[PDB]
file target-v4.txt (compact mmCIF, N, CA and C atoms)
# COMPACT_ATOMS: atom_id res chain seq x y z
N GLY A 1 -171.52 -136.78 185.43
CA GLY A 1 -172.55 -137.73 184.97
C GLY A 1 -173.22 -138.44 186.13
N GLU A 2 -173.83 -139.58 185.86
CA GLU A 2 -174.46 -140.37 186.90
C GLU A 2 -173.39 -141.10 187.71
N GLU A 3 -172.81 -140.39 188.66
CA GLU A 3 -171.70 -140.91 189.44
C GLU A 3 -172.02 -140.85 190.92
N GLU A 4 -171.63 -141.88 191.65
CA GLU A 4 -171.85 -141.92 193.09
C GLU A 4 -170.74 -141.16 193.82
N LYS A 5 -170.00 -140.36 193.06
CA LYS A 5 -168.94 -139.54 193.62
C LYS A 5 -169.49 -138.18 194.03
N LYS A 6 -169.72 -138.00 195.33
CA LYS A 6 -170.22 -136.73 195.84
C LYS A 6 -169.12 -135.69 195.82
N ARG A 7 -167.88 -136.17 195.79
CA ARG A 7 -166.72 -135.31 195.68
C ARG A 7 -166.15 -135.43 194.27
N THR A 8 -165.97 -134.31 193.60
CA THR A 8 -165.48 -134.32 192.24
C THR A 8 -163.98 -134.07 192.19
N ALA A 9 -163.35 -134.09 193.36
CA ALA A 9 -161.91 -133.93 193.46
C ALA A 9 -161.19 -135.13 192.88
N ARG A 10 -160.78 -135.01 191.63
CA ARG A 10 -160.07 -136.08 190.95
C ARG A 10 -158.59 -136.00 191.30
N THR A 11 -157.96 -134.92 190.87
CA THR A 11 -156.58 -134.64 191.20
C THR A 11 -156.44 -133.23 191.76
N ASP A 12 -155.56 -133.08 192.74
CA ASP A 12 -155.38 -131.80 193.42
C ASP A 12 -154.66 -130.79 192.54
N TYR A 13 -154.04 -131.28 191.47
CA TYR A 13 -153.41 -130.41 190.50
C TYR A 13 -154.25 -130.37 189.23
N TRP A 14 -154.46 -129.18 188.71
CA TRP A 14 -155.32 -128.99 187.55
C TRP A 14 -154.65 -128.11 186.50
N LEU A 15 -153.42 -127.70 186.76
CA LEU A 15 -152.73 -126.77 185.88
C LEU A 15 -152.19 -127.48 184.65
N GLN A 16 -152.69 -127.07 183.50
CA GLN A 16 -152.23 -127.56 182.22
C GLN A 16 -151.84 -126.37 181.35
N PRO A 17 -150.80 -126.50 180.52
CA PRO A 17 -150.40 -125.43 179.61
C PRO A 17 -151.41 -125.22 178.48
N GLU A 18 -151.48 -123.98 178.01
CA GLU A 18 -152.34 -123.59 176.89
C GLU A 18 -153.81 -123.51 177.33
N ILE A 19 -154.02 -123.02 178.54
CA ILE A 19 -155.37 -122.78 179.04
C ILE A 19 -155.47 -121.37 179.61
N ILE A 20 -156.67 -120.81 179.60
CA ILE A 20 -156.92 -119.51 180.18
C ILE A 20 -157.45 -119.67 181.59
N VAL A 21 -156.86 -118.93 182.51
CA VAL A 21 -157.29 -118.93 183.90
C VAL A 21 -157.48 -117.50 184.38
N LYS A 22 -158.15 -117.34 185.50
CA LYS A 22 -158.37 -116.03 186.08
C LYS A 22 -157.56 -115.89 187.36
N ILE A 23 -156.84 -114.80 187.46
CA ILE A 23 -155.98 -114.54 188.60
C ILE A 23 -156.77 -113.95 189.77
N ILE A 24 -156.99 -114.76 190.79
CA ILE A 24 -157.77 -114.31 191.94
C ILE A 24 -156.89 -114.15 193.18
N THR A 25 -155.60 -113.95 192.97
CA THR A 25 -154.67 -113.82 194.09
C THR A 25 -154.44 -112.36 194.47
N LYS A 26 -154.29 -111.49 193.46
CA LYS A 26 -154.03 -110.06 193.68
C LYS A 26 -152.64 -109.83 194.29
N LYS A 27 -151.94 -110.92 194.59
CA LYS A 27 -150.64 -110.87 195.25
C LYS A 27 -149.64 -110.03 194.46
N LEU A 28 -149.67 -110.17 193.15
CA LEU A 28 -148.74 -109.43 192.29
C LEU A 28 -149.29 -108.05 191.96
N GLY A 29 -150.52 -107.80 192.38
CA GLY A 29 -151.15 -106.52 192.12
C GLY A 29 -152.61 -106.66 191.75
N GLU A 30 -153.34 -105.57 191.89
CA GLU A 30 -154.76 -105.56 191.57
C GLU A 30 -154.97 -105.51 190.07
N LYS A 31 -153.95 -105.04 189.36
CA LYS A 31 -153.96 -105.01 187.90
C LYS A 31 -154.04 -106.42 187.33
N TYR A 32 -153.74 -107.40 188.17
CA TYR A 32 -153.77 -108.79 187.77
C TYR A 32 -154.97 -109.51 188.38
N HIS A 33 -155.66 -108.84 189.30
CA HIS A 33 -156.78 -109.46 189.98
C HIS A 33 -158.01 -109.48 189.08
N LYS A 34 -158.61 -110.67 188.96
CA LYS A 34 -159.80 -110.89 188.15
C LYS A 34 -159.48 -110.73 186.67
N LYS A 35 -158.22 -110.94 186.33
CA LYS A 35 -157.78 -110.83 184.96
C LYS A 35 -157.56 -112.21 184.37
N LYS A 36 -157.50 -112.28 183.05
CA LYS A 36 -157.37 -113.55 182.36
C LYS A 36 -155.97 -113.72 181.79
N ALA A 37 -155.39 -114.89 182.03
CA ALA A 37 -154.04 -115.19 181.57
C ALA A 37 -153.96 -116.62 181.05
N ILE A 38 -153.02 -116.86 180.14
CA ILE A 38 -152.83 -118.18 179.56
C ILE A 38 -151.63 -118.88 180.18
N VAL A 39 -151.82 -120.12 180.60
CA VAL A 39 -150.73 -120.91 181.14
C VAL A 39 -149.73 -121.25 180.03
N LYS A 40 -148.53 -120.73 180.16
CA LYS A 40 -147.48 -120.96 179.18
C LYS A 40 -146.74 -122.25 179.50
N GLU A 41 -146.67 -122.58 180.78
CA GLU A 41 -145.92 -123.73 181.23
C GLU A 41 -146.26 -124.06 182.67
N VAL A 42 -146.37 -125.33 182.98
CA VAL A 42 -146.55 -125.75 184.36
C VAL A 42 -145.24 -126.29 184.91
N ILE A 43 -144.92 -125.89 186.12
CA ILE A 43 -143.62 -126.19 186.71
C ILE A 43 -143.68 -127.48 187.51
N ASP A 44 -144.55 -127.50 188.50
CA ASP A 44 -144.69 -128.67 189.36
C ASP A 44 -146.16 -129.00 189.54
N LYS A 45 -146.93 -128.73 188.48
CA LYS A 45 -148.36 -129.04 188.40
C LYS A 45 -149.21 -128.16 189.32
N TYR A 46 -148.67 -127.81 190.48
CA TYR A 46 -149.34 -126.92 191.41
C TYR A 46 -148.87 -125.49 191.21
N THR A 47 -147.89 -125.32 190.33
CA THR A 47 -147.37 -124.01 190.00
C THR A 47 -147.23 -123.89 188.49
N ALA A 48 -147.67 -122.77 187.94
CA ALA A 48 -147.64 -122.58 186.50
C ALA A 48 -147.29 -121.15 186.12
N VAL A 49 -146.82 -121.00 184.89
CA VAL A 49 -146.53 -119.70 184.32
C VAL A 49 -147.74 -119.22 183.56
N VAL A 50 -148.22 -118.04 183.88
CA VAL A 50 -149.36 -117.49 183.17
C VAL A 50 -148.99 -116.17 182.50
N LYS A 51 -149.26 -116.08 181.22
CA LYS A 51 -149.03 -114.86 180.48
C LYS A 51 -150.33 -114.10 180.36
N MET A 52 -150.35 -112.90 180.92
CA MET A 52 -151.53 -112.05 180.91
C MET A 52 -151.99 -111.81 179.49
N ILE A 53 -153.23 -112.17 179.21
CA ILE A 53 -153.81 -111.97 177.90
C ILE A 53 -153.90 -110.48 177.59
N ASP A 54 -154.32 -109.73 178.59
CA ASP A 54 -154.50 -108.30 178.46
C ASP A 54 -153.17 -107.54 178.59
N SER A 55 -152.47 -107.77 179.69
CA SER A 55 -151.26 -107.01 179.99
C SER A 55 -150.05 -107.53 179.20
N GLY A 56 -150.04 -108.84 178.93
CA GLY A 56 -148.95 -109.43 178.17
C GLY A 56 -147.79 -109.88 179.05
N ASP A 57 -147.90 -109.62 180.34
CA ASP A 57 -146.83 -109.93 181.28
C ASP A 57 -146.79 -111.42 181.60
N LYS A 58 -145.59 -111.90 181.85
CA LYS A 58 -145.37 -113.29 182.21
C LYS A 58 -145.31 -113.43 183.73
N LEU A 59 -146.25 -114.15 184.30
CA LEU A 59 -146.33 -114.30 185.74
C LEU A 59 -146.07 -115.74 186.16
N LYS A 60 -145.69 -115.90 187.41
CA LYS A 60 -145.44 -117.21 187.99
C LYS A 60 -146.36 -117.42 189.17
N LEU A 61 -147.45 -118.13 188.96
CA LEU A 61 -148.48 -118.26 189.97
C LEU A 61 -148.77 -119.72 190.28
N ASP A 62 -149.12 -119.98 191.53
CA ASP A 62 -149.53 -121.31 191.94
C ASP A 62 -150.98 -121.53 191.58
N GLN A 63 -151.43 -122.78 191.63
CA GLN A 63 -152.81 -123.10 191.32
C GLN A 63 -153.77 -122.32 192.21
N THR A 64 -153.36 -122.10 193.44
CA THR A 64 -154.18 -121.41 194.42
C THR A 64 -154.26 -119.91 194.13
N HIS A 65 -153.48 -119.47 193.16
CA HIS A 65 -153.47 -118.07 192.75
C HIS A 65 -154.26 -117.92 191.46
N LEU A 66 -154.72 -119.05 190.94
CA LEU A 66 -155.40 -119.09 189.65
C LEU A 66 -156.76 -119.78 189.78
N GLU A 67 -157.66 -119.48 188.86
CA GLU A 67 -158.98 -120.10 188.85
C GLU A 67 -159.38 -120.42 187.41
N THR A 68 -159.89 -121.63 187.21
CA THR A 68 -160.32 -122.06 185.89
C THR A 68 -161.49 -121.23 185.38
N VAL A 69 -161.43 -120.83 184.12
CA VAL A 69 -162.51 -120.07 183.52
C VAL A 69 -163.20 -120.90 182.45
N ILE A 70 -164.50 -120.72 182.32
CA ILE A 70 -165.29 -121.50 181.40
C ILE A 70 -165.85 -120.62 180.29
N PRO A 71 -165.56 -120.98 179.02
CA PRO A 71 -166.02 -120.21 177.86
C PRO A 71 -167.48 -120.45 177.54
N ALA A 72 -167.88 -120.06 176.34
CA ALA A 72 -169.23 -120.26 175.87
C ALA A 72 -169.35 -121.58 175.13
N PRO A 73 -170.56 -122.15 175.07
CA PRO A 73 -170.82 -123.35 174.28
C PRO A 73 -170.39 -123.18 172.83
N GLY A 74 -169.67 -124.16 172.32
CA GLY A 74 -169.14 -124.08 170.97
C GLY A 74 -167.66 -123.78 170.96
N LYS A 75 -167.12 -123.45 172.13
CA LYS A 75 -165.70 -123.18 172.26
C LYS A 75 -164.97 -124.43 172.74
N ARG A 76 -163.66 -124.45 172.54
CA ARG A 76 -162.83 -125.57 172.93
C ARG A 76 -162.35 -125.40 174.37
N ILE A 77 -162.29 -126.50 175.09
CA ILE A 77 -161.83 -126.51 176.46
C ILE A 77 -160.80 -127.61 176.65
N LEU A 78 -160.02 -127.50 177.71
CA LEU A 78 -159.09 -128.55 178.06
C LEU A 78 -159.54 -129.18 179.36
N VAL A 79 -159.88 -130.45 179.31
CA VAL A 79 -160.29 -131.17 180.49
C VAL A 79 -159.07 -131.52 181.34
N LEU A 80 -159.08 -131.03 182.57
CA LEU A 80 -157.91 -131.04 183.42
C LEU A 80 -157.90 -132.25 184.34
N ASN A 81 -159.09 -132.70 184.70
CA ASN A 81 -159.24 -133.77 185.67
C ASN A 81 -160.14 -134.87 185.13
N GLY A 82 -160.16 -135.99 185.82
CA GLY A 82 -161.04 -137.08 185.45
C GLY A 82 -160.35 -138.08 184.55
N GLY A 83 -161.13 -138.98 183.97
CA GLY A 83 -160.56 -140.00 183.11
C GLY A 83 -160.28 -139.49 181.72
N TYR A 84 -160.69 -138.25 181.46
CA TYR A 84 -160.48 -137.64 180.16
C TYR A 84 -159.42 -136.56 180.23
N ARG A 85 -158.86 -136.37 181.42
CA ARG A 85 -157.92 -135.28 181.66
C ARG A 85 -156.75 -135.33 180.68
N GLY A 86 -156.39 -134.16 180.17
CA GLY A 86 -155.31 -134.06 179.21
C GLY A 86 -155.83 -134.02 177.79
N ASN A 87 -157.11 -134.28 177.63
CA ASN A 87 -157.74 -134.26 176.32
C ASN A 87 -158.36 -132.90 176.05
N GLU A 88 -158.76 -132.70 174.81
CA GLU A 88 -159.43 -131.49 174.41
C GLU A 88 -160.90 -131.78 174.24
N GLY A 89 -161.73 -130.81 174.56
CA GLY A 89 -163.16 -130.99 174.41
C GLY A 89 -163.83 -129.75 173.87
N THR A 90 -165.04 -129.91 173.38
CA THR A 90 -165.84 -128.77 172.97
C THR A 90 -166.99 -128.60 173.94
N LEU A 91 -167.19 -127.38 174.40
CA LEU A 91 -168.26 -127.09 175.32
C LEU A 91 -169.59 -127.16 174.59
N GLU A 92 -170.45 -128.06 175.03
CA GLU A 92 -171.77 -128.22 174.42
C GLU A 92 -172.78 -127.34 175.14
N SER A 93 -172.79 -127.44 176.45
CA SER A 93 -173.70 -126.67 177.29
C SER A 93 -173.17 -126.68 178.72
N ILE A 94 -173.63 -125.74 179.54
CA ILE A 94 -173.18 -125.68 180.92
C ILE A 94 -174.33 -125.95 181.89
N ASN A 95 -173.99 -126.46 183.05
CA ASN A 95 -174.96 -126.74 184.09
C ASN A 95 -174.58 -125.96 185.34
N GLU A 96 -175.14 -124.77 185.47
CA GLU A 96 -174.81 -123.87 186.56
C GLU A 96 -175.42 -124.35 187.88
N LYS A 97 -176.24 -125.38 187.81
CA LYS A 97 -176.86 -125.95 188.99
C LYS A 97 -175.86 -126.82 189.73
N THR A 98 -175.05 -127.54 188.97
CA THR A 98 -174.04 -128.40 189.54
C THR A 98 -172.66 -127.79 189.38
N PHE A 99 -172.64 -126.63 188.72
CA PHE A 99 -171.40 -125.92 188.40
C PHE A 99 -170.52 -126.79 187.52
N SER A 100 -171.15 -127.42 186.55
CA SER A 100 -170.47 -128.32 185.65
C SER A 100 -170.80 -127.96 184.21
N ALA A 101 -170.14 -128.61 183.28
CA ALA A 101 -170.39 -128.38 181.88
C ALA A 101 -170.46 -129.70 181.12
N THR A 102 -171.11 -129.65 179.97
CA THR A 102 -171.15 -130.77 179.06
C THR A 102 -170.13 -130.56 177.97
N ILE A 103 -169.16 -131.46 177.89
CA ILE A 103 -168.10 -131.32 176.92
C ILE A 103 -167.97 -132.59 176.09
N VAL A 104 -167.58 -132.43 174.85
CA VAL A 104 -167.33 -133.57 173.99
C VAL A 104 -165.86 -133.65 173.63
N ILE A 105 -165.27 -134.81 173.86
CA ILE A 105 -163.86 -135.03 173.63
C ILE A 105 -163.54 -134.90 172.15
N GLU A 106 -162.49 -134.15 171.85
CA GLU A 106 -162.10 -133.88 170.48
C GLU A 106 -160.70 -134.39 170.20
N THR A 107 -160.24 -135.31 171.03
CA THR A 107 -158.89 -135.83 170.89
C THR A 107 -158.83 -137.34 171.05
N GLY A 108 -158.00 -137.96 170.22
CA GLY A 108 -157.70 -139.37 170.35
C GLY A 108 -158.89 -140.26 170.08
N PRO A 109 -158.84 -141.52 170.53
CA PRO A 109 -159.93 -142.48 170.38
C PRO A 109 -161.13 -142.13 171.25
N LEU A 110 -160.94 -141.14 172.10
CA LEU A 110 -162.00 -140.69 173.00
C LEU A 110 -162.83 -139.62 172.32
N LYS A 111 -162.35 -139.16 171.17
CA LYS A 111 -163.03 -138.15 170.38
C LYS A 111 -164.47 -138.56 170.07
N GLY A 112 -165.39 -137.68 170.40
CA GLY A 112 -166.79 -137.95 170.19
C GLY A 112 -167.52 -138.24 171.49
N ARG A 113 -166.77 -138.36 172.57
CA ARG A 113 -167.36 -138.64 173.87
C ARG A 113 -167.93 -137.37 174.47
N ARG A 114 -169.23 -137.22 174.39
CA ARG A 114 -169.91 -136.09 175.01
C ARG A 114 -170.24 -136.44 176.45
N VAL A 115 -169.41 -135.97 177.36
CA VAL A 115 -169.55 -136.29 178.77
C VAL A 115 -170.09 -135.09 179.54
N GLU A 116 -171.05 -135.35 180.40
CA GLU A 116 -171.72 -134.30 181.14
C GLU A 116 -171.35 -134.35 182.61
N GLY A 117 -171.45 -133.21 183.27
CA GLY A 117 -171.20 -133.16 184.69
C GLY A 117 -169.75 -132.85 184.99
N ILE A 118 -169.04 -132.37 183.99
CA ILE A 118 -167.65 -131.99 184.17
C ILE A 118 -167.58 -130.64 184.85
N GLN A 119 -167.14 -130.64 186.10
CA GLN A 119 -167.12 -129.43 186.91
C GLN A 119 -166.27 -128.35 186.25
N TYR A 120 -166.65 -127.10 186.47
CA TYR A 120 -165.91 -125.95 185.96
C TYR A 120 -164.47 -125.96 186.44
N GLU A 121 -164.24 -126.64 187.55
CA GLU A 121 -162.92 -126.76 188.13
C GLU A 121 -162.11 -127.89 187.49
N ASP A 122 -162.78 -128.70 186.67
CA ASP A 122 -162.14 -129.85 186.04
C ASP A 122 -161.87 -129.57 184.57
N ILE A 123 -162.23 -128.38 184.13
CA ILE A 123 -161.99 -127.94 182.76
C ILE A 123 -161.53 -126.50 182.74
N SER A 124 -161.03 -126.06 181.60
CA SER A 124 -160.58 -124.69 181.46
C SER A 124 -160.73 -124.22 180.02
N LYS A 125 -160.95 -122.93 179.85
CA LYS A 125 -160.99 -122.30 178.54
C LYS A 125 -159.67 -122.53 177.82
N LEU A 126 -159.73 -123.28 176.74
CA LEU A 126 -158.53 -123.65 176.00
C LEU A 126 -157.99 -122.46 175.21
N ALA A 127 -156.68 -122.33 175.18
CA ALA A 127 -156.03 -121.23 174.47
C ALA A 127 -155.88 -121.55 172.98
call {"tool": "encode", "arguments": {"input": "target-v4.txt", "output": "structure tokens"}}
result
Amino acid sequence: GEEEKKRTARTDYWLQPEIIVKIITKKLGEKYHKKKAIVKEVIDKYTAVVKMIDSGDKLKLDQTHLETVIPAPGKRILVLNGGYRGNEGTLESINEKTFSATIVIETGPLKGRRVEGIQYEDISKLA
């Protein structure tokens, strides 16, 4: 949004369970590279368990081995960072200019908050 924060780095950990991420590490194999997996469990916030959506395999990858993926408008997302982090949102529209998205909070008393400028790195495709 209209923030004087030139850096959108809220928290260095962004791994939340029940989100889809893309494996950009290739460390476990190319069969896992650029593939989509769901976080089954986060261990130490910087490390999480991802179950391959396609392969079905259970992997143990660090945040640096994973990348947040952004769905289409109308889909649910999990906001990972910011003052809304931990909440669920619906993707309204994306801003590829700032690499951010417009999401509306769908959880708690914050439900109904359509907040814009949420970086693709601060949200994830909800499982």
call {"tool": "select_by_dssp", "arguments": {"input": "target-v4.txt", "residues": "segment 3-119 of chain A", "states": "strand (DSSP E)", "output": "ChimeraX atom specification"}}
result
/A:19-23,35-42,47-52,58-62,66-68,76-79,88-95,100-105,114-119
call {"tool": "write_last_selection", "arguments": {"input": "target-v4.txt", "atoms": "N, CA and C atoms", "output": "short mmCIF file (atom, residue, chain, number, x, y, z; two decimals), keeping the file's coordinate frame"}}
result
data_model
loop_
_atom_site.label_atom_id
_atom_site.label_comp_id
_atom_site.auth_asym_id
_atom_site.auth_seq_id
_atom_site.Cartn_x
_atom_site.Cartn_y
_atom_site.Cartn_z
N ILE A 19 -154.02 -123.02 178.54
CA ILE A 19 -155.37 -122.78 179.04
C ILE A 19 -155.47 -121.37 179.61
N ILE A 20 -156.67 -120.81 179.60
CA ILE A 20 -156.92 -119.51 180.18
C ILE A 20 -157.45 -119.67 181.59
N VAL A 21 -156.86 -118.93 182.51
CA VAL A 21 -157.29 -118.93 183.90
C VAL A 21 -157.48 -117.50 184.38
N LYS A 22 -158.15 -117.34 185.50
CA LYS A 22 -158.37 -116.03 186.08
C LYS A 22 -157.56 -115.89 187.36
N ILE A 23 -156.84 -114.80 187.46
CA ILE A 23 -155.98 -114.54 188.60
C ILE A 23 -156.77 -113.95 189.77
N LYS A 35 -158.22 -110.94 186.33
CA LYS A 35 -157.78 -110.83 184.96
C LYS A 35 -157.56 -112.21 184.37
N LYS A 36 -157.50 -112.28 183.05
CA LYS A 36 -157.37 -113.55 182.36
C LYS A 36 -155.97 -113.72 181.79
N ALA A 37 -155.39 -114.89 182.03
CA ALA A 37 -154.04 -115.19 181.57
C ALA A 37 -153.96 -116.62 181.05
N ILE A 38 -153.02 -116.86 180.14
CA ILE A 38 -152.83 -118.18 179.56
C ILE A 38 -151.63 -118.88 180.18
N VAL A 39 -151.82 -120.12 180.60
CA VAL A 39 -150.73 -120.91 181.14
C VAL A 39 -149.73 -121.25 180.03
N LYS A 40 -148.53 -120.73 180.16
CA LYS A 40 -147.48 -120.96 179.18
C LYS A 40 -146.74 -122.25 179.50
N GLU A 41 -146.67 -122.58 180.78
CA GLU A 41 -145.92 -123.73 181.23
C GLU A 41 -146.26 -124.06 182.67
N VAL A 42 -146.37 -125.33 182.98
CA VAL A 42 -146.55 -125.75 184.36
C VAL A 42 -145.24 -126.29 184.91
N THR A 47 -147.89 -125.32 190.33
CA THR A 47 -147.37 -124.01 190.00
C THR A 47 -147.23 -123.89 188.49
N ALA A 48 -147.67 -122.77 187.94
CA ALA A 48 -147.64 -122.58 186.50
C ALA A 48 -147.29 -121.15 186.12
N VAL A 49 -146.82 -121.00 184.89
CA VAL A 49 -146.53 -119.70 184.32
C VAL A 49 -147.74 -119.22 183.56
N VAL A 50 -148.22 -118.04 183.88
CA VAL A 50 -149.36 -117.49 183.17
C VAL A 50 -148.99 -116.17 182.50
N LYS A 51 -149.26 -116.08 181.22
CA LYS A 51 -149.03 -114.86 180.48
C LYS A 51 -150.33 -114.10 180.36
N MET A 52 -150.35 -112.90 180.92
CA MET A 52 -151.53 -112.05 180.91
C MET A 52 -151.99 -111.81 179.49
N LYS A 58 -145.59 -111.90 181.85
CA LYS A 58 -145.37 -113.29 182.21
C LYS A 58 -145.31 -113.43 183.73
N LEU A 59 -146.25 -114.15 184.30
CA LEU A 59 -146.33 -114.30 185.74
C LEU A 59 -146.07 -115.74 186.16
N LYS A 60 -145.69 -115.90 187.41
CA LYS A 60 -145.44 -117.21 187.99
C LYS A 60 -146.36 -117.42 189.17
N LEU A 61 -147.45 -118.13 188.96
CA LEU A 61 -148.48 -118.26 189.97
C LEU A 61 -148.77 -119.72 190.28
N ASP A 62 -149.12 -119.98 191.53
CA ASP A 62 -149.53 -121.31 191.94
C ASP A 62 -150.98 -121.53 191.58
N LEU A 66 -154.72 -119.05 190.94
CA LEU A 66 -155.40 -119.09 189.65
C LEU A 66 -156.76 -119.78 189.78
N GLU A 67 -157.66 -119.48 188.86
CA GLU A 67 -158.98 -120.10 188.85
C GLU A 67 -159.38 -120.42 187.41
N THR A 68 -159.89 -121.63 187.21
CA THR A 68 -160.32 -122.06 185.89
C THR A 68 -161.49 -121.23 185.38
N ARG A 76 -163.66 -124.45 172.54
CA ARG A 76 -162.83 -125.57 172.93
C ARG A 76 -162.35 -125.40 174.37
N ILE A 77 -162.29 -126.50 175.09
CA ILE A 77 -161.83 -126.51 176.46
C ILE A 77 -160.80 -127.61 176.65
N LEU A 78 -160.02 -127.50 177.71
CA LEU A 78 -159.09 -128.55 178.06
C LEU A 78 -159.54 -129.18 179.36
N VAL A 79 -159.88 -130.45 179.31
CA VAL A 79 -160.29 -131.17 180.49
C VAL A 79 -159.07 -131.52 181.34
N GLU A 88 -158.76 -132.70 174.81
CA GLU A 88 -159.43 -131.49 174.41
C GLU A 88 -160.90 -131.78 174.24
N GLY A 89 -161.73 -130.81 174.56
CA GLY A 89 -163.16 -130.99 174.41
C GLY A 89 -163.83 -129.75 173.87
N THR A 90 -165.04 -129.91 173.38
CA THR A 90 -165.84 -128.77 172.97
C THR A 90 -166.99 -128.60 173.94
N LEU A 91 -167.19 -127.38 174.40
CA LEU A 91 -168.26 -127.09 175.32
C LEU A 91 -169.59 -127.16 174.59
N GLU A 92 -170.45 -128.06 175.03
CA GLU A 92 -171.77 -128.22 174.42
C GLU A 92 -172.78 -127.34 175.14
N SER A 93 -172.79 -127.44 176.45
CA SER A 93 -173.70 -126.67 177.29
C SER A 93 -173.17 -126.68 178.72
N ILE A 94 -173.63 -125.74 179.54
CA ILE A 94 -173.18 -125.68 180.92
C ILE A 94 -174.33 -125.95 181.89
N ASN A 95 -173.99 -126.46 183.05
CA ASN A 95 -174.96 -126.74 184.09
C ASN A 95 -174.58 -125.96 185.34
N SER A 100 -171.15 -127.42 186.55
CA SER A 100 -170.47 -128.32 185.65
C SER A 100 -170.80 -127.96 184.21
N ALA A 101 -170.14 -128.61 183.28
CA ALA A 101 -170.39 -128.38 181.88
C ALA A 101 -170.46 -129.70 181.12
N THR A 102 -171.11 -129.65 179.97
CA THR A 102 -171.15 -130.77 179.06
C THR A 102 -170.13 -130.56 177.97
N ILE A 103 -169.16 -131.46 177.89
CA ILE A 103 -168.10 -131.32 176.92
C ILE A 103 -167.97 -132.59 176.09
N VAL A 104 -167.58 -132.43 174.85
CA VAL A 104 -167.33 -133.57 173.99
C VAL A 104 -165.86 -133.65 173.63
N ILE A 105 -165.27 -134.81 173.86
CA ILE A 105 -163.86 -135.03 173.63
C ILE A 105 -163.54 -134.90 172.15
N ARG A 114 -169.23 -137.22 174.39
CA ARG A 114 -169.91 -136.09 175.01
C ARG A 114 -170.24 -136.44 176.45
N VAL A 115 -169.41 -135.97 177.36
CA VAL A 115 -169.55 -136.29 178.77
C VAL A 115 -170.09 -135.09 179.54
N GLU A 116 -171.05 -135.35 180.40
CA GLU A 116 -171.72 -134.30 181.14
C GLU A 116 -171.35 -134.35 182.61
N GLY A 117 -171.45 -133.21 183.27
CA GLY A 117 -171.20 -133.16 184.69
C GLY A 117 -169.75 -132.85 184.99
N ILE A 118 -169.04 -132.37 183.99
CA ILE A 118 -167.65 -131.99 184.17
C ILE A 118 -167.58 -130.64 184.85
N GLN A 119 -167.14 -130.64 186.10
CA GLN A 119 -167.12 -129.43 186.91
C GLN A 119 -166.27 -128.35 186.25
#
call {"tool": "closest_residue", "arguments": {"input": "target-v4.txt", "among": "A:114, A:22, A:10, A:36", "to": "residue 67 of chain A", "atoms": "all atoms listed in the file"}}
result
A:22
call {"tool": "residues_around", "arguments": {"input": "target-v4.txt", "residues": "residue 101 of chain A", "least_positions_apart": "6", "cutoff": "8 Å", "atoms": "only C-alpha atoms", "output": "PDB file with N, CA and C atoms, in the coordinates of the input"}}
result
ATOM      1  N   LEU A  91    -167.190-127.380 174.400  1.00  0.00           N
ATOM      2  CA  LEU A  91    -168.260-127.090 175.320  1.00  0.00           C
ATOM      3  C   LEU A  91    -169.590-127.160 174.590  1.00  0.00           C
ATOM      4  N   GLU A  92    -170.450-128.060 175.030  1.00  0.00           N
ATOM      5  CA  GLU A  92    -171.770-128.220 174.420  1.00  0.00           C
ATOM      6  C   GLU A  92    -172.780-127.340 175.140  1.00  0.00           C
ATOM      7  N   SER A  93    -172.790-127.440 176.450  1.00  0.00           N
ATOM      8  CA  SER A  93    -173.700-126.670 177.290  1.00  0.00           C
ATOM      9  C   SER A  93    -173.170-126.680 178.720  1.00  0.00           C
ATOM     10  N   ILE A  94    -173.630-125.740 179.540  1.00  0.00           N
ATOM     11  CA  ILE A  94    -173.180-125.680 180.920  1.00  0.00           C
ATOM     12  C   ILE A  94    -174.330-125.950 181.890  1.00  0.00           C
ATOM     13  N   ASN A  95    -173.990-126.460 183.050  1.00  0.00           N
ATOM     14  CA  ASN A  95    -174.960-126.740 184.090  1.00  0.00           C
ATOM     15  C   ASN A  95    -174.580-125.960 185.340  1.00  0.00           C
ATOM     16  N   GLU A 116    -171.050-135.350 180.400  1.00  0.00           N
ATOM     17  CA  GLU A 116    -171.720-134.300 181.140  1.00  0.00           C
ATOM     18  C   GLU A 116    -171.350-134.350 182.610  1.00  0.00           C
ATOM     19  N   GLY A 117    -171.450-133.210 183.270  1.00  0.00           N
ATOM     20  CA  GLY A 117    -171.200-133.160 184.690  1.00  0.00           C
ATOM     21  C   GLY A 117    -169.750-132.850 184.990  1.00  0.00           C
ATOM     22  N   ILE A 118    -169.040-132.370 183.990  1.00  0.00           N
ATOM     23  CA  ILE A 118    -167.650-131.990 184.170  1.00  0.00           C
ATOM     24  C   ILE A 118    -167.580-130.640 184.850  1.00  0.00           C
ATOM     25  N   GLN A 119    -167.140-130.640 186.100  1.00  0.00           N
ATOM     26  CA  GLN A 119    -167.120-129.430 186.910  1.00  0.00           C
ATOM     27  C   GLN A 119    -166.270-128.350 186.250  1.00  0.00           C
ATOM     28  N   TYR A 120    -166.650-127.100 186.470  1.00  0.00           N
ATOM     29  CA  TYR A 120    -165.910-125.950 185.960  1.00  0.00           C
ATOM     30  C   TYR A 120    -164.470-125.960 186.440  1.00  0.00           C
TER      31      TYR A 120
END
call {"tool": "residues_around", "arguments": {"input": "target-v4.txt", "residues": "residue 20 of chain A", "least_positions_apart": "2", "cutoff": "8 Å", "atoms": "all atoms listed in the file", "output": "list in words"}}
result
residues 16, 17, 18, 22, 23, 35, 36, 37, 38, 39, 67, 68, 69, 70, 78, 124, 125, 126 and 127 of chain A
call {"tool": "residues_near_point", "arguments": {"input": "target-v4.txt", "point": "(-150.5, -117.4, 182.4)", "cutoff": "7 Å", "atoms": "only C-alpha atoms", "output": "PyMOL selection string"}}
result
chain A and resi 37-40+49-52+58-59
call {"tool": "closest_residue", "arguments": {"input": "target-v4.txt", "among": "A:122, A:47, A:109, A:77", "to": "residue 60 of chain A", "atoms": "all atoms listed in the file"}}
result
A:47
call {"tool": "atom_distance", "arguments": {"input": "target-v4.txt", "atom1": "atom C of residue 24 of chain A", "atom2": "atom C of residue 63 of chain A"}}
result
8.8 Å
call {"tool": "atom_distance", "arguments": {"input": "target-v4.txt", "atom1": "atom N of residue 79 of chain A", "atom2": "atom C of residue 65 of chain A"}}
result
18.3 Å
